[PDB]
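Trainee: This one is run-v1.cif, mmCIF, C-alpha atoms.
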data_structure
#
loop_
_atom_site.group_PDB
_atom_site.id
_atom_site.type_symbol
_atom_site.label_atom_id
_atom_site.label_comp_id
_atom_site.auth_asym_id
_atom_site.auth_seq_id
_atom_site.Cartn_x
_atom_site.Cartn_y
_atom_site.Cartn_z
ATOM 1 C CA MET A 1 0.000 0.000 0.000
ATOM 2 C CA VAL A 2 2.691 2.538 -0.953
ATOM 3 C CA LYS A 3 1.999 5.228 -3.534
ATOM 4 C CA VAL A 4 4.535 6.398 -6.102
ATOM 5 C CA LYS A 5 4.242 9.841 -7.672
ATOM 6 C CA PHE A 6 6.271 10.070 -10.850
ATOM 7 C CA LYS A 7 6.546 12.081 -14.017
ATOM 8 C CA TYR A 8 5.994 10.209 -17.311
ATOM 9 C CA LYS A 9 6.778 12.322 -20.385
ATOM 10 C CA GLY A 10 6.037 15.454 -18.272
ATOM 11 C CA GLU A 11 2.716 14.197 -17.051
ATOM 12 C CA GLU A 12 2.273 13.492 -13.380
ATOM 13 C CA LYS A 13 1.196 9.947 -12.888
ATOM 14 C CA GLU A 14 0.876 7.825 -9.894
ATOM 15 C CA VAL A 15 0.804 4.119 -9.252
ATOM 16 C CA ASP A 16 0.783 1.904 -6.082
ATOM 17 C CA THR A 17 3.620 -0.468 -4.941
ATOM 18 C CA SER A 18 1.427 -3.542 -5.577
ATOM 19 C CA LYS A 19 0.756 -2.891 -9.280
ATOM 20 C CA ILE A 20 4.500 -2.727 -9.788
ATOM 21 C CA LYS A 21 6.071 -5.493 -11.777
ATOM 22 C CA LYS A 22 9.735 -4.644 -12.701
ATOM 23 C CA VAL A 23 12.523 -2.522 -11.124
ATOM 24 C CA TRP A 24 16.013 -1.763 -12.543
ATOM 25 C CA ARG A 25 18.770 0.370 -11.104
ATOM 26 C CA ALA A 26 19.777 3.012 -13.676
ATOM 27 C CA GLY A 27 22.385 5.357 -12.231
ATOM 28 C CA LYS A 28 20.738 7.718 -9.882
ATOM 29 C CA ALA A 29 17.392 6.785 -11.389
ATOM 30 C CA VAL A 30 14.921 4.017 -10.730
ATOM 31 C CA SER A 31 13.286 2.573 -13.894
ATOM 32 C CA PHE A 32 10.170 0.486 -13.632
ATOM 33 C CA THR A 33 7.074 -1.301 -15.084
ATOM 34 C CA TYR A 34 3.466 -1.661 -13.743
ATOM 35 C CA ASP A 35 0.172 -3.366 -14.736
ATOM 36 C CA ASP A 36 -2.317 -0.671 -15.576
ATOM 37 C CA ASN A 37 -5.224 -3.057 -15.661
ATOM 38 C CA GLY A 38 -4.841 -5.200 -18.805
ATOM 39 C CA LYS A 39 -1.949 -3.193 -20.124
ATOM 40 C CA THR A 40 1.602 -2.573 -18.897
ATOM 41 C CA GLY A 41 2.958 0.948 -18.198
ATOM 42 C CA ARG A 42 6.457 2.496 -17.849
ATOM 43 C CA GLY A 43 7.871 5.058 -15.453
ATOM 44 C CA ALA A 44 10.832 6.350 -13.427
ATOM 45 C CA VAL A 45 11.783 8.404 -10.371
ATOM 46 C CA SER A 46 14.983 9.507 -8.599
ATOM 47 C CA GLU A 47 16.355 7.260 -5.956
ATOM 48 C CA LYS A 48 16.215 10.264 -3.663
ATOM 49 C CA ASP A 49 12.450 10.811 -4.025
ATOM 50 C CA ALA A 50 11.641 7.167 -3.609
ATOM 51 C CA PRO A 51 9.475 5.650 -0.876
ATOM 52 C CA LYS A 52 10.860 2.981 1.400
ATOM 53 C CA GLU A 53 8.640 0.093 0.249
ATOM 54 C CA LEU A 54 9.986 0.551 -3.216
ATOM 55 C CA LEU A 55 13.638 0.744 -2.247
ATOM 56 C CA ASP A 56 13.124 -2.522 -0.431
ATOM 57 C CA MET A 57 11.632 -4.073 -3.571
ATOM 58 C CA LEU A 58 14.846 -3.092 -5.360
ATOM 59 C CA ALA A 59 17.213 -4.580 -2.752
ATOM 60 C CA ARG A 60 15.213 -7.748 -2.981
ATOM 61 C CA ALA A 61 15.725 -7.797 -6.686
ATOM 62 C CA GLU A 62 19.475 -7.818 -6.514
ATOM 63 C CA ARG A 63 19.160 -10.959 -4.491
#
Just dump the structure as structure tokens.
Mentor:
Amino acid sequence: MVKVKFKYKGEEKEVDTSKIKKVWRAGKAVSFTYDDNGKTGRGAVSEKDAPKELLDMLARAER
């Protein structure tokens, strides 16, 4: 139940931790994919502006 507020192509968008599928570490940036209902959607934020639940998802991913 963590909410992520991000800018996609200059448009403010927002998606919850649960809907999140993929997370990659790209320099200072966090690059990710979610399930917007049937479809998949793309987004990114700065590691600085990221919520804790997310950062934990990332650590998990590096095994």
Trainee: Could you tell me which residues the PyMOL selection byres ((chain A and resi 17-28) around 7) grabs in this file, written as a ChimeraX atom specification?
Mentor: /A:1-3,15-16,29-35,46-47,54,58
Trainee: Return as lines of an AutoDock Vina configuration file the box centre and box size in Å, one decimal, for an axis-aligned box around all listed atoms of range 41-53 of chain A padded by 4 Å per side.
Mentor:
center_x = 9.7
center_y = 5.5
center_z = -8.4
size_x = 21.4
size_y = 18.7
size_z = 27.6
Trainee: So what do you get for CA of residue 62 in chain A versus CA of residue 12 in chain A, distance-wise?
Mentor: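 Between CA of residue 62 in chain A and CA of residue 12 in chain A the gap is 28.2 Å.
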Trainee: Quick one, how far is CA of residue 38 in chain A from CA of residue 63 in chain A?
Mentor: 28.5 Å
Trainee: So what do you get for CA of residue 44 in chain A versus CA of residue 6 in chain A, distance-wise?
Mentor: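 Going from CA of residue 44 in chain A over to CA of residue 6 in chain A, I get 6.4 Å.
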